[PDB]
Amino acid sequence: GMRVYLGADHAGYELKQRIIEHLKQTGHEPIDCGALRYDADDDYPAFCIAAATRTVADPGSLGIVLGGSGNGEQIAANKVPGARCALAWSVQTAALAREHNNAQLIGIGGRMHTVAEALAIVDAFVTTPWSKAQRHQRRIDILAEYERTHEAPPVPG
């Protein structure tokens, strides 16, 4: 049973309600960071930064941010210190997000998939374990060090 913080604007609102319902029925614990109602003009960043911030402050938790394409949403979540948000557009990329990138969050576009395709992406995200492989941890540590100092590391040749 995984804890999952969810964020969404209007474009990903309806899909977010289906995912919250799906996560409850599969033994997980969804927490809604907003939007709590449909509002056609609302802005995605605040909801994505809310979910990503709360995910980082609650180790072991995961996160899902929803928009039209999911791309503005993953960009916003990646600005949060300590957060790593992949865009999942398939079962494979959702699983590789966990296995290789140790991503605590994923973006998904509600306008890009059917309900059944989006829920299969969510399943792979919340069940695929992080591999802990040496090369993957090494890359995560290099990026985290850049996030600490904002001093770009030298390219290897």
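Just count from 1 along the sequence shown to find any residue number.
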Take the C-alpha B-factors listed in the entry for 53 to 61 and for 111 to 119, compute each mean, and give the stretch with the larger one. 111 to 119
Look up the CA B-factors in the entry and say which stretch, 37 to 45 or 63 to 71, has the higher mean. 37 to 45
So, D9's CA B-factor, relative to its chain, sits in which third? The middle
Tertile call for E145 (CA temperature factor, within chain, third-based) is the middle
Quick check on the deposited entry: does the C-alpha B-factor of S90 sit in the lowest, middle or highest third of its chain? middle
Ranking the modelled residues of this chain by C-alpha B-factor as given in the entry, is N102 in the lowest, middle or highest third? lowest
Quick check on the deposited entry: does the C-alpha B-factor of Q137 sit in the lowest, middle or highest third of its chain? lowest
